[PDB]
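The chain contents come next:
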Amino acid sequence: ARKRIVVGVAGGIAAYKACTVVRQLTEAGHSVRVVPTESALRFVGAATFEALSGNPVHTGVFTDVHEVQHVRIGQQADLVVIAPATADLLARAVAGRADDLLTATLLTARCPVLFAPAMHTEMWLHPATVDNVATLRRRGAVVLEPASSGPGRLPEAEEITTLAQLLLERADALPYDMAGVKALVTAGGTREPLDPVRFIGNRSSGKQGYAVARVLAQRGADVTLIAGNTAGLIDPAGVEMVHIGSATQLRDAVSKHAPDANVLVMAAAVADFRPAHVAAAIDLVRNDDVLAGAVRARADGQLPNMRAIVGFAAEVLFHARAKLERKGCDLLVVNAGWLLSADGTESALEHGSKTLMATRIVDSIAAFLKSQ
Amino acid sequence: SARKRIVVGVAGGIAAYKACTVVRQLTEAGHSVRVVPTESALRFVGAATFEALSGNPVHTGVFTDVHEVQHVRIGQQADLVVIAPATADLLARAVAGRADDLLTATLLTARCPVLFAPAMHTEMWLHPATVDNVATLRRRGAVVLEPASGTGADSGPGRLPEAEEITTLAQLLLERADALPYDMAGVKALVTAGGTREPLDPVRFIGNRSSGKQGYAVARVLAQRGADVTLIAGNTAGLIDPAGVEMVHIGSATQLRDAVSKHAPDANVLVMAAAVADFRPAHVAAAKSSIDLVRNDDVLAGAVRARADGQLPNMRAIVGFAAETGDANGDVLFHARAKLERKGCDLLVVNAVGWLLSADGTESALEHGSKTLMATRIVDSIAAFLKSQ
Amino acid sequence: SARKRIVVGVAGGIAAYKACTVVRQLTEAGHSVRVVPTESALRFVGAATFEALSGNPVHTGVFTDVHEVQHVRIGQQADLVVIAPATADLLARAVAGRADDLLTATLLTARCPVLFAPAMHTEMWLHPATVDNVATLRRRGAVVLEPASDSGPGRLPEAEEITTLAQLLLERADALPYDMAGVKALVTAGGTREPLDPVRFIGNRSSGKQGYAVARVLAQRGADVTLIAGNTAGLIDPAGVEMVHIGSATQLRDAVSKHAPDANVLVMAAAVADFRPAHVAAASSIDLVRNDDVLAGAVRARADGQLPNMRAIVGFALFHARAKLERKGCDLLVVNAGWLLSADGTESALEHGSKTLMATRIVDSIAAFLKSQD
Ligand SMILES: Cc1cc2nc3c(=O)[nH]c(=O)nc-3n(C[C@H](O)[C@H](O)[C@H](O)COP(=O)(O)O)c2cc1C
Ligand SMILES: Cc1cc2nc3c(=O)[nH]c(=O)nc-3n(C[C@H](O)[C@H](O)[C@H](O)COP(=O)(O)O)c2cc1C
Ligand SMILES: Cc1cc2nc3c(=O)[nH]c(=O)nc-3n(C[C@H](O)[C@H](O)[C@H](O)COP(=O)(O)O)c2cc1C
Ligand SMILES: Nc1ccn([C@@H]2O[C@H](COP(=O)(O)OP(=O)(O)OP(=O)(O)O)[C@@H](O)[C@H]2O)c(=O)n1
Ligand SMILES: Nc1ccn([C@@H]2O[C@H](COP(=O)(O)OP(=O)(O)OP(=O)(O)O)[C@@H](O)[C@H]2O)c(=O)n1
Ligand SMILES: Nc1ccn([C@@H]2O[C@H](COP(=O)(O)OP(=O)(O)OP(=O)(O)O)[C@@H](O)[C@H]2O)c(=O)n1
């Protein structure tokens with residue numbers, strides 16, 4: 001259960017944010033060794049990383065040579081996380097440099113490698129960085145899309161920790177395969193009002209919707225995410241946020257952005273009905289099916305971009321295979337998980353995290369779009 | 001003059017003390033050696049060791065003795081640059097084109113053959129960045145030796161080849177700059193080498209005086225040019241296993257043919273350079289004044305006939321070896337072409353106890369030189385033939 | 001465990017990069033090795049090198065790790081201390097009883113065997129201060145390897161030699177007394193090659209190791225050794241041993257003839273072939289002839305007073321064994337399939353171990369026989 005993680009820290013202003021990544025990985029029961037660059041010590045000192053990780057902090061290969069630390073750290077690692085990954089670090093990782101303990105450890109690691117780049121937009125968008133990021137991606141490393149006045153800010157420490165424990169559970173979880181895919185996602189419970197202060201709502205976290213949006217984003221999809229009431233979820237890096245209120249405001253937001261979308265995933269738990277009298281200081285009216293309405297602009301001919309629609313269902317193997325054909329979605333998800341597509345294929349989602357399940361969902365979407 | 005100027009670059013690997021004997025052997029062979037270590041190499045082996053072994057000063061940066069314009073004169077005057085060990089860091093700097101210490105600045109300056117001898121932990125060696133860099137150095141004209149694998153649990157490639165292997169591959173490039181193109185990639189080659197031992201008893205036996213140097217040389221040259229080489233060796237003159245070849249040790253000629261028949265199906269090229277014993281001893285006792293002899297099987301003929309009977313499909317080139325002393329009944333090329341059509345070989349190496357003859361009709365006079373230089377002429381023709389077939 | 005603890009000390013000679021191969025070899029043999037360099041050795045080989053090979057920390061003075069009592073525990077837990085190279089300066093400090101760095105402090109506290117492998121320029125080695133210091137260390141119970149051979153003596157012996165002798169002292173502490181000073185010895189080793197024609201021949205699977213061992217142990221105990229070698233398993237010349245190679249068994253007979261006069265000990269350890277082929281073809285069924293018993297030829301000349309100086313002859317290869325010695329005429333006989341029979345009837349069972357170990361027993365028996373007539 002307790003995995004061995006290396007946390008590489010390169011020399012960026014965001015280095016103090018790695019402290020939080022180390023503390024959380026440690027709180028989750030994991031064994032963390034911090035390997036900073038020399039230039040990271042100009043930002044956070046070895047003492048801080050030594051107290052948070054509980055293990056010694058060294059920057060070069062020529063210390064504790066008797067314990068062969070330049071190979072053993074990488075050979076025994078279950079994951080390598082670099083946060084922040086500077087342009088310089090990425091440039092060295094691509095070149096295959098091994099001139100400090102962090103880059104030598106990268107060459108030795110035969111485990112998943114997660115870069116969380118952080119830098120100024122101009123650096124991130126410079127053609128050397130762009131090619132370097134592409135090369136690391138095609139070599140099998142995960143390079144998180146940074147957050148956004150432009151792109152380049154380090155993703156929040158929770159997003160990095162979550163994606164780290166994801167790769168610990170499933171090494172192939174985040175291939176850079178959904179490039180060029182545009183995706184509108186919905187998540188969170190909607191709030192149907194009856195008062196400028198009071199309302200009716202439900203208990204959905206939004207986590208699985210957010211999880212699916214995050215996994216799409218970190219696999220290359222240009223994601224747009226319309227959220228309602230969430231369990232205080234913070235926005236995923238690189239996804240465009242559109243916050244909404246009512247189950248009606250959800251519909252308008254969908255039909256505002258859905259034409260540009262290539263893929264749409266209804267994870268929102270929209271409430272069935274809706275009140276009709278809103279006193280400014282029990283008259284319900286049943287709300288429209290936003291998912292089912294999408295399949296119809298589908299047919300009526302104004303979604304010549306849409307190539308996949310996925311639905312979420314609440315708990316029976318065969319009892320649900322009817323719902324996908326009836327609802328007209330390209331595939332449907334349900335957990336008491338099981339995934340069912342419109343080609344008859346069905347698979348049971350082995351138990352896991354909302355993000356781990358989100359990867360199975362995003363896998364089944366990629367396969368569907370291949371079959372076209 | 002036969003005295004060449006060698007630059008020995010030493011990068012920061014555990015193997016740096018092995019570079020010491022490399023410089024000792026090259027100076028003992030009359031060459032003039034300048035050692036250019038990286039700064040990290042100095043934490044493994046001291047400058048004083050290299051100054052005493054080479055007799056020349058040892059510096060790591062370009063800003064020393066800039067009056068003697070050493071950052072260019074050191075490269076401009078070298079006949080060979082050898083890097084041993086070449087670390088993953090150093091290969092990466094050479095590929096990027098860095099010139100930030102004296103060694104890498106010498107690499108941009110040198111116009112002579114350039115020999116890297118990598119040494120690393122296997123995981124560094126198989127890392128995609130390392131393998132891309134090795135490919136780029138090779139496409140750019142450098143020779144990058146395939147490392148050794150010397151075990152049980154911590155085996156795998158990445159070990160520095162033995163100094164003798166490095167020094168004799170260094171001398172090869174001093175003699176022939178184009179000796180080691182990476183051209184045999186994708187071919188599997190089976191090589192026999194050495195003499196055989198035909199037992200009279202457990203203790204005594206009949207044998208010949210074969211050193212094995214010929215076959216080992218072609219195995220080595222094949223390995224260092226890309227081939228996945230297997231080497232069936234009998235008795236040799238204490239020859240170290242070449243870097244990157246699978247080794248199989250046999251005692252007798254019967255034991256050789258069983259070993260050849262065991263590995264020939266996976267092979268693309270077979271090199272019969274082993275001096276195989278013509279006749280055996282009739283009775284093998286168990287302890288100890290006229291001993292009878294029985295003829296052994298012609299394993300080389302055994303392979304061509306099995307090939308013509310469809311039992312060796314992926315076999316594409318069978319090269320035999322022949323010893324020669326003078327020509328009277330015809331010329332040497334006349335009798336060799338007859339020996340080549342009769343045995344069914346694709347290539348015949350006639351040893352002047354050089355001549356290279358080919359089933360395509362090619363013939364070539366091998367000039368005198370080192371056994372390893374002759375192996376490159378041989379491997380050239382094995383390549384030339386495979387292009388034809 | 002068979003895992004013994006070895007201290008390899010390294011002093012500041014050009015030969016320090018050769019100690020790296022000693023450390024690796026002792027480590028491949030399963031032992032735990034702690035390298036203790038002098039400060040001036042770090043000018044030649046870095047601490048980082050010795051750390052990667054030894055797998056153990058590398059320190060140079062006594063004040064590091066004072067908590068885990070290293071100034072003393074490094075010596076009093078060692079099973080062997082080998083110094084390679086041992087410079088003149090190190091030998092002088094060891095004789096003085098200096099302890100001003102970790103290596104010298106370790107030497108004063110060790111109670112196991114101590115093996116010095118000196119290496120230096122010949123003028124340093126033959127300077128009277130060094131000569132005296134080498135004699136004091138030998139007198140005091142240390143083993144000081146005679147170094148190898150500009151062309152003079154003082155080269156570090158090969159690593160394989162040092163590790164061989166290191167593992168020998170791990171098996172027998174008293175194995176290399178400096179007892180055979182002045183003795184002229186001549187040894188034969190290896191198999192022999194009787195040619196049929198210029199390229200073919202008939203050989204035997206003799207390694208030469210057992211004969212090389214006896215020549216090595218003799219030279220490192222004080223003797224001047226001439227080794228006549230046949231076909232060996234690619235063996236390296238022992239340091240301090242005039243080498244003479246031979247081919248056929250008559251070429252050996254010819255070689256023992258030239259050199260046996262000057263000698264005081266003959267160790268007929270070669271596996272000489274008894275039969276030679278009928279004729280050399282210079283290019284069926286092979287008839288053969290017989291070769292001279294070299295050992296029996298050797299006892300005859302001694303018996304006819306042709307070898308005045310030779311005081312001991314040893315043969316090789318105890319039901320009929322005691323009779324074999326009396327029939328051979330040899331002074332001692334080594335029987336392997338060990339047992340060592342003497343020319344005064346006393347026999348001893350050489351408990352089988354390393355070849356070099358039983359070589360020290362063979363030299364033991366030679367030593368007692370030479371002191372018999374002294
Ligand atoms: C205050 C400050 C903040 C920096 N932030 C970043 C950054 O966020 N990303 C980046 O690539 N470089 C950043 N740099 C530049 C790096 O310090 C520089 O590239 C350095 O060599 C670190 O690389 P390394 O940690 O991989 O060795 C910053 C520099 C300074 C002075
Ligand atoms: C004990 C030890 C052994 C090492 N061995 C190697 C090696 O064999 N190959 C390698 O590429 N790197 C090795 N390294 C990593 C290098 O020391 C490091 O990459 C160094 O910066 C290489 O730089 P250079 O280009 O100056 O050699 C080793 C490091 C240590 C501590
Ligand atoms: C390149 C060089 C090689 C040397 N080699 C030896 C040597 O092999 N033996 C020796 O006794 N002194 C040698 N010396 C001289 C010194 O005595 C030696 O390096 C050092 O001072 C001895 O100190 P130590 O006790 O640490 O060995 C050498 C000096 C140099 C500069
Ligand atoms: N007002 C609503 C309510 C539900 N949804 C969508 O409908 C699906 C689930 O509704 P349904 O087809 O009725 O199946 P259930 O799981 O039973 O519905 P519920 O959410 O109430 O559990 C989800 O994909 C959700 O996006 C919708 O379109 N608009
Ligand atoms: N029993 C044997 C003996 C020889 N060979 C192969 O055949 C070649 C030489 O056979 P041979 O006809 O005896 O060669 P010659 O032309 O007579 O020259 P020489 O024997 O002196 O080498 C060598 O390549 C050897 O590898 C073989 O396969 N089987
Ligand atoms: N031609 C020979 C053969 C034997 N020896 C010596 O004799 C010893 C071996 O004894 P040996 O009598 O040859 O052993 P056996 O196998 O019994 O041989 P033999 O028929 O002679 O008894 C060795 O020291 C060896 O060097 C010798 O001097 N010359």
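Conventions we followed
Residues numbered from 1 in each chain as written, not as in the entry; some residues may be left out. Chains lettered and ligands numbered in written order. Part of a larger assembly, values for the part shown. Heavy atoms only, no water. Residues with missing side-chain atoms left out of burial classes, pairs and counts. UniProt positions renumbered as here; feature names shortened; annotations may be inferred. Helix = DSSP H or I, 4+ residues; strand = E, 2+ residues; numbered from the N terminus. Rg over C-alpha atoms; globule rule 2.2 N^0.38 Å. Polar contact = N/O pair within 3.5 Å; in protein donor to acceptor, adjacent residues only side chain to side chain. Contact = heavy atoms within 4.5 Å. Pairing = 2+ DSSP bridges. Domains from an automatic or database assignment. Nonpolar A, V, L, I, M, F, W, Y, C, P; charged D, E, K, R; others polar. Axes fitted to C-alpha atoms, helices over the stretch in contact; angles between N-to-C directions. Parallel < 35°, antiparallel > 145°, perpendicular 65-115°, else oblique. Left-handed = near helix turned anticlockwise from the far one by under 90°. Salt bridge = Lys/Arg side-chain N within 4 Å of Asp/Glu carboxyl O. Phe/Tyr/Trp six-rings, centres within 6.5 Å; stacked < 30°, edge-to-face > 60°. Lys NZ or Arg CZ within 6 Å of the ring centre and 35° of its normal.

- This entry lists X-ray crystallography as its structure determination method and reports a resolution of 2.500 Å.

- Under the annotation held in the PDB entry, chain B carries the name Coenzyme A biosynthesis bifunctional protein CoaBC and is attributed to Mycolicibacterium smegmatis.
- Per the PDB header, the entry is named "Crystal structure of Mycobacterium smegmatis CoaBC in complex with CTP and FMN".
- Recorded in UniProt under Function, the annotation for chain B is "Catalyzes two sequential steps in the biosynthesis of coenzyme A. In the first step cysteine is conjugated to 4'-phosphopantothenate to form 4-phosphopantothenoylcysteine. In the second step the latter compound is decarboxylated to form 4'-phosphopantotheine."
- Listed in UniProt under the heading Subunit, the comment for chain B reads: "Homododecamer."

- The name given to chain A in the PDB entry is Coenzyme A biosynthesis bifunctional protein CoaBC, with the source organism recorded as Mycolicibacterium smegmatis.
- Per its UniProt entry, chain A bears the Function comment "Catalyzes two sequential steps in the biosynthesis of coenzyme A. In the first step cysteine is conjugated to 4'-phosphopantothenate to form 4-phosphopantothenoylcysteine. In the second step the latter compound is decarboxylated to form 4'-phosphopantotheine."
- Listed in UniProt under the heading Subunit, the comment for chain A reads: "Homododecamer."

### Some thoughts on the overall build of chain A
- Scanning chain A from terminus to terminus reveals 13 helices and 17 strands.
- Taking 372 residues into account, the globule formula puts the C-alpha radius of gyration at 21 Å, and chain A, at 23 Å, falls close to it.

### A look at the overall build of chain B
- Of regular secondary structure, chain B possesses 13 helices and 17 strands.
- Relative to the globule expectation of 21 Å for 389 residues, the C-alpha radius of gyration of chain B, 23 Å, shows essentially globular dimensions.
- C-alpha extents for chain B along the principal axes are approximately 75 × 50 × 40 Å.

### Thoughts on the side chain of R176 of chain B
All names here are of chain B.
- Tracing the sequence through the fold places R176 in the loop between α8 (163-175) and β6 (188-193).
- At 2.5 Å, the side chain of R176 forms a polar contact with the side chain of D380.
- Setting aside residues no more than four positions away along its own chain, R176 makes contact with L373, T376, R377 and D380.

### Some points on the interface of chain B and chain C
- Every contact between the two is made by 31 residues of chain B and, on the other side, 29 residues of chain C.
- For the side of chain B that touches chain C, the secondary-structure elements that each account for two or more residues are α1 (16-28), α2 (47-54), β7 (197-199), β8 (204-208) and β13 (290-295) of chain B.
- Pairing between β13 of chain B and strand β13 (residues 285-290) of chain C: three bridges, direction antiparallel. Note on β13 of chain C: the bridge partner recorded for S290 of chain B is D287 of chain C.

### Observations regarding unusual backbone geometry
- Cis geometry marks the peptide bond from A84 of chain B to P85 of chain B; its omega dihedral reads -10°.
- Topologically, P85 of chain B is positioned in strand β3 (residues 80-86).
- The residue after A84 of chain C, namely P85 of chain C, is reached through a cis peptide bond having omega -5°.
- Even without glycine at this site, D64 of chain A takes up a positive phi of about 55°.
- As for its position among the elements, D64 of chain A is in the loop between α2 (46-53) and α3 (69-75).
- Here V68 of chain A, not a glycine, exhibits a phi torsion of approximately 45°, which is positive.
- Along the chain, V68 of chain A falls in the loop between α2 and α3.

### A few points about the domain arrangement of chain A
Residues and elements named next belong to chain A.
- Here chain A is partitioned into domain 1 (4-169) and domain 2 (182-371).
- Distance between the C-alpha centres of domain 1 and domain 2: 34 Å.
- A breakdown of the residues in the side of domain 1 that touches domain 2 according to their chemical character gives six nonpolar, one polar and three charged.

### What to know about the pairing of β6 of chain B
All names here are of chain B.
- Where β6 and strand β9 (residues 228-233) come together, six bridges link them in parallel fashion. Within β9, the position partnered with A189 by the bridge is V229.
- In terms of strand pairing, β6 meets strand β11 (residues 269-272) through four bridges, oriented parallel. Note on β11: the bridge partner recorded for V191 is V271.

### Overview of the packing of helix α9 (residues 213-223) of chain B against helix α13 (residues 371-388) of chain B
All names here are of chain B.
- For the pair α9 and α13, interaxial distance at closest approach is 8 Å and the crossing angle is 60°. Judged by the inter-axis angle, α9 sits oblique to α13. Viewed along their axes, α9 and α13 form a crossing whose handedness is right-handed. Side by side, α9 and α13 meet where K213, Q214, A217, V218, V221 and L222 of the first sit next to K371, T372, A375, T376, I378 and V379 of the second.

### Side note on the pattern of salt bridges
- Ionic pairing is found between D177 of chain A and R219 of chain A, a salt bridge with its closest N-O pair at 2.8 Å. Taken together, the residues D177 of chain A in the loop between α8 (157-169) and β6 (182-187) and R219 of chain A in the loop between α9 (207-217) and β9 (222-227) connect sequence positions 42 residues apart.
- Each of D88, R92, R97, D99 and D100 of chain A together with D89, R93, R98, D100 and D101 of chain B takes part in one network of salt bridges that share partners.

### Section: the domain arrangement of chain B
Residues and elements named next belong to chain B.
- Under the domain assignment used here, chain B contains domain 1 (5-175) and domain 2 (188-388).
- When each unit is reduced to the centre of its C-alpha atoms, the spacing between domain 1 and domain 2 is 34 Å.
- If you look at the interface, domain 1 gives twelve residues, while domain 2 gives ten residues.
- The element best represented in the side of domain 1 that touches domain 2 is α8, accounting for five residues.

### Structural notes on the side chain of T236 of chain B
All names here are of chain B.
- Inspection of the secondary structure assignment puts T236 in the loop between β9 and β10 (246-249).
- From its side chain, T236 meets the backbone nitrogen of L239 in a polar contact 3.3 Å long.
- Excluding residues within four positions of it along the chain, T236 makes contact with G194, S210, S211, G212 and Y216.

### Some remarks on the packing of aromatic side chains
- Judged by centre distance (5.5 Å) and plane angle (70°), the rings of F62 of chain A and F44 of chain B are edge-to-face. Separated into two different chains, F62 of chain A in the loop between α2 and α3 and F44 of chain B in the loop between β2 (32-37) and α2 make up a pair that spans both.
- Taking NZ or CZ as reference, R138 of chain B lies 3.9 Å from the ring centre of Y182 of chain B, over its face.
- If you follow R138 of chain C out to its NZ or CZ, it ends over the ring of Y178 of chain C, 3.9 Å from the centre.

### So, the packing of helix α1 (residues 15-27) of chain A against α8 of chain A
Residues and elements named next belong to chain A.
- Between α1 and α8, the shortest axis-to-axis distance is 9 Å and the interhelical angle comes to 45°. Considering the angle they form, α1 stands oblique to α8. Crossing of α1 over α8 shows right-handed handedness. Together, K17, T20, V21, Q24 and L25 of α1 and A157, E158, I160, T161 and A164 of α8 make up the contact between the two elements.
- Considering only residue class, the contact of α1 with α8 consists of five nonpolar, three polar and two charged.

### Re the sheet that holds strand β3 (residues 79-85) of chain A
All names here are of chain A.
- The five strands lie next to each other as β2-β1-β3-β4-β5, forming an open sheet whose pairing is parallel. Strands with a single pairing partner mark the edges of an open sheet, and in this sheet they are β2 (31-36) and β5 (142-143).
- Pairing geometry for strand β1 (residues 4-9) and β2, over six bridges, is parallel. Bridging from a neighbouring strand, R4 pairs with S31 of β2.

### Digging into the pairing of β3 of chain A
All names here are of chain A.
- Looking at chain direction, β1 and β3 are connected through four bridges and run parallel. When the bridges of β3 are listed, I5 appears paired with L79.
- Judged from the four bridges that link them, β3 and strand β4 (residues 113-117) form a sheet pairing that is parallel. Following the sheet pairing, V81 is matched in β4 by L114.

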